[PDB]
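Chemist: Please find final-v7.txt (compact mmCIF, C-alpha atoms) on the next line:
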# COMPACT_ATOMS: atom_id res chain seq x y z
CA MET A 1 202.50 -78.02 -32.20
CA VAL A 2 199.07 -78.49 -33.68
CA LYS A 3 196.23 -78.54 -31.19
CA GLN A 4 193.58 -81.02 -31.96
CA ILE A 5 190.05 -79.68 -31.57
CA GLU A 6 187.53 -82.20 -30.27
CA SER A 7 184.40 -80.20 -29.65
CA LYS A 8 182.61 -76.98 -30.46
CA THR A 9 183.34 -75.74 -26.99
CA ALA A 10 187.03 -76.46 -27.40
CA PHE A 11 187.11 -74.47 -30.65
CA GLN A 12 185.49 -71.52 -29.22
CA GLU A 13 187.74 -71.64 -26.19
CA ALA A 14 190.80 -71.71 -28.51
CA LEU A 15 189.54 -68.71 -30.47
CA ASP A 16 188.94 -66.79 -27.20
CA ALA A 17 192.26 -67.85 -25.66
CA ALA A 18 194.13 -66.59 -28.79
CA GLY A 19 193.82 -62.94 -27.85
CA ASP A 20 194.90 -60.89 -30.88
CA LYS A 21 197.00 -63.68 -32.41
CA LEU A 22 196.16 -65.10 -35.81
CA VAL A 23 194.55 -68.58 -35.57
CA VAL A 24 194.89 -71.03 -38.48
CA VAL A 25 192.58 -74.06 -38.58
CA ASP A 26 193.18 -77.15 -40.78
CA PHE A 27 189.93 -79.01 -41.47
CA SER A 28 191.07 -82.50 -42.53
CA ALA A 29 189.81 -86.04 -43.17
CA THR A 30 191.68 -89.30 -42.86
CA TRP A 31 190.43 -90.35 -46.25
CA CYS A 32 191.74 -87.19 -47.97
CA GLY A 33 195.18 -87.84 -49.65
CA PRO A 34 196.06 -84.17 -49.91
CA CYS A 35 195.42 -83.49 -46.18
CA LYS A 36 197.84 -86.17 -45.16
CA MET A 37 200.43 -84.90 -47.58
CA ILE A 38 200.23 -81.39 -46.09
CA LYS A 39 200.09 -82.36 -42.35
CA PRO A 40 203.93 -82.39 -41.82
CA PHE A 41 204.05 -79.02 -43.48
CA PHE A 42 201.23 -77.62 -41.32
CA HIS A 43 202.99 -78.92 -38.27
CA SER A 44 206.29 -77.33 -39.48
CA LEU A 45 204.56 -73.95 -39.80
CA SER A 46 203.35 -74.27 -36.21
CA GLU A 47 207.03 -74.39 -35.12
CA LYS A 48 208.18 -71.64 -37.46
CA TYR A 49 205.43 -69.12 -36.61
CA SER A 50 205.55 -69.14 -32.86
CA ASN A 51 203.09 -66.28 -32.41
CA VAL A 52 200.37 -67.87 -34.59
CA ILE A 53 198.01 -70.50 -33.19
CA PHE A 54 197.53 -73.72 -35.21
CA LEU A 55 194.47 -75.95 -34.75
CA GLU A 56 193.38 -79.22 -36.50
CA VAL A 57 189.70 -80.32 -36.86
CA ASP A 58 189.11 -83.85 -38.08
CA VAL A 59 185.80 -83.42 -39.95
CA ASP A 60 184.43 -86.85 -39.21
CA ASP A 61 185.47 -87.02 -35.53
CA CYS A 62 184.42 -83.55 -34.91
CA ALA A 63 181.35 -83.48 -37.33
CA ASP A 64 179.44 -80.76 -35.55
CA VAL A 65 182.36 -78.27 -35.94
CA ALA A 66 182.65 -79.34 -39.58
CA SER A 67 178.96 -78.65 -40.17
CA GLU A 68 179.01 -75.26 -38.48
CA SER A 69 182.11 -74.15 -40.32
CA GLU A 70 180.54 -75.09 -43.73
CA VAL A 71 183.46 -77.34 -44.84
CA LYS A 72 183.07 -79.25 -48.04
CA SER A 73 186.53 -80.00 -49.14
CA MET A 74 189.64 -81.07 -47.46
CA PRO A 75 191.87 -79.65 -46.56
CA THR A 76 190.22 -76.35 -45.81
CA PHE A 77 192.17 -73.70 -43.97
CA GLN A 78 190.26 -71.05 -42.02
CA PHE A 79 191.89 -68.05 -40.44
CA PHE A 80 190.62 -66.12 -37.42
CA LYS A 81 191.69 -62.97 -35.57
CA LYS A 82 189.85 -61.80 -32.44
CA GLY A 83 187.20 -64.50 -32.95
CA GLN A 84 186.27 -63.37 -36.48
CA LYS A 85 186.95 -65.23 -39.70
CA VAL A 86 189.50 -63.25 -41.75
CA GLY A 87 190.35 -65.83 -44.43
CA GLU A 88 189.59 -69.21 -45.88
CA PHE A 89 190.70 -71.32 -48.82
CA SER A 90 190.79 -74.96 -49.76
CA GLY A 91 193.34 -77.28 -51.21
CA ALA A 92 196.75 -78.54 -50.13
CA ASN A 93 198.60 -75.47 -51.49
CA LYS A 94 201.70 -74.81 -49.31
CA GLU A 95 202.71 -71.67 -51.00
CA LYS A 96 199.24 -70.19 -50.52
CA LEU A 97 199.01 -71.44 -46.94
CA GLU A 98 202.23 -69.73 -45.89
CA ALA A 99 201.48 -66.61 -47.98
CA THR A 100 198.08 -66.26 -46.31
CA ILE A 101 199.62 -66.55 -42.90
CA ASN A 102 202.02 -63.69 -43.77
CA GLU A 103 199.20 -61.59 -45.16
CA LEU A 104 196.98 -61.92 -42.09
CA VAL A 105 199.37 -62.13 -39.16
Please re-express this file's structure in structure tokens.
Modeler:
Amino acid sequence: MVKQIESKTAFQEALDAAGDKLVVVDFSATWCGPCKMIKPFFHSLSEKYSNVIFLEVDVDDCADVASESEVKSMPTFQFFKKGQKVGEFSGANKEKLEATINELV
């Protein structure tokens, strides 16, 4: 499952609740073709990697998180461990998404 993040507080709470687990965040827009293409895949990874936490931020519905995270393209994937950012890249690149998970987990 992909947890939808609706507020700054909810993000932070998710990062805290994660403990030591890798957290992967998909920053997405409805108007972004590539994001929509990669959503089923992101969701599939959330089932495959049961000890990784998967979050989705819609950049327009959750614009204050988008601003603070310094998003400019979609999709952007950010990776956190113990509250700290440990990776980030952009683009709907499945291979790279799954590889980065394996590198950071």
Chemist: Which value, in Å to one decimal, gives the distance between atom CA of residue 66 of chain A and atom CA of residue 39 of chain A?
Modeler: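 Calculated distance between atom CA of residue 66 of chain A and atom CA of residue 39 of chain A is 17.9 Å.
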Chemist: Using all atoms listed in the file, can you tell me which of A:35, A:29, A:55, A:23 comes closest to residue 1 of chain A?
Modeler: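 Once distances to residue 1 of chain A are computed over all atoms listed in the file, the minimum belongs to A:55.
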Chemist: Closest to residue 101 of chain A among A:32, A:37, A:22, A:62, using all atoms listed in the file?
Modeler: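 Between A:32, A:37, A:22, A:62, the residue approaching residue 101 of chain A most closely is A:22.
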Chemist: List the residues sitting within 10 Å of (185.7, -73.2, -31.5) in the file's frame, using only C-alpha atoms, as a PyMOL selection string.
Modeler: chain A and resi 5-16+25+55+57+65+68-69+83
Chemist: Would you work out the distance separating atom CA of residue 20 of chain A from atom CA of residue 82 of chain A, expressed in Å to one decimal?
Modeler: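 Calculated distance between atom CA of residue 20 of chain A and atom CA of residue 82 of chain A is 5.4 Å.
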Chemist: Please define a box with edges along x, y and z of the file around all atoms of segment 6-19 of chain A given in the file, extend it by 5 Å on each side, and return its centre and edge lengths in Å to one decimal, as lines of an AutoDock Vina configuration file.
Modeler:
center_x = 188.4
center_y = -72.6
center_z = -28.2
size_x = 21.5
size_y = 29.3
size_z = 15.0
Chemist: Rounded to one decimal in Å, what is the spacing between atom CA of residue 100 of chain A and atom CA of residue 48 of chain A?
Modeler: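 Separation of atom CA of residue 100 of chain A and atom CA of residue 48 of chain A: 14.5 Å.
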Chemist: Can you tell me, as a PyMOL selection string, what residues are no more than 12 Å from residue 97 of chain A when counting only C-alpha atoms, ignoring any on the same chain fewer than 6 positions away?
Modeler: chain A and resi 24-26+38-39+41-42+44-46+75-79+87-91+103-104
Chemist: For residue 93 of chain A, which of A:34, A:3, A:80, A:28 is the closest residue, counting all atoms listed in the file?
Modeler: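 That would be A:34, the residue with the smallest distance to residue 93 of chain A.
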Chemist: Here is a test: counting all atoms listed in the file, which residue of A:94, A:36, A:43, A:21 is nearest to residue 2 of chain A?
Modeler: A:43
Chemist: Go through A:53, A:19, A:27, A:102 and flag the residue nearest residue 71 of chain A, using only C-alpha atoms for the distances.
Modeler: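 Among A:53, A:19, A:27, A:102, it is A:27 that comes nearest to residue 71 of chain A.
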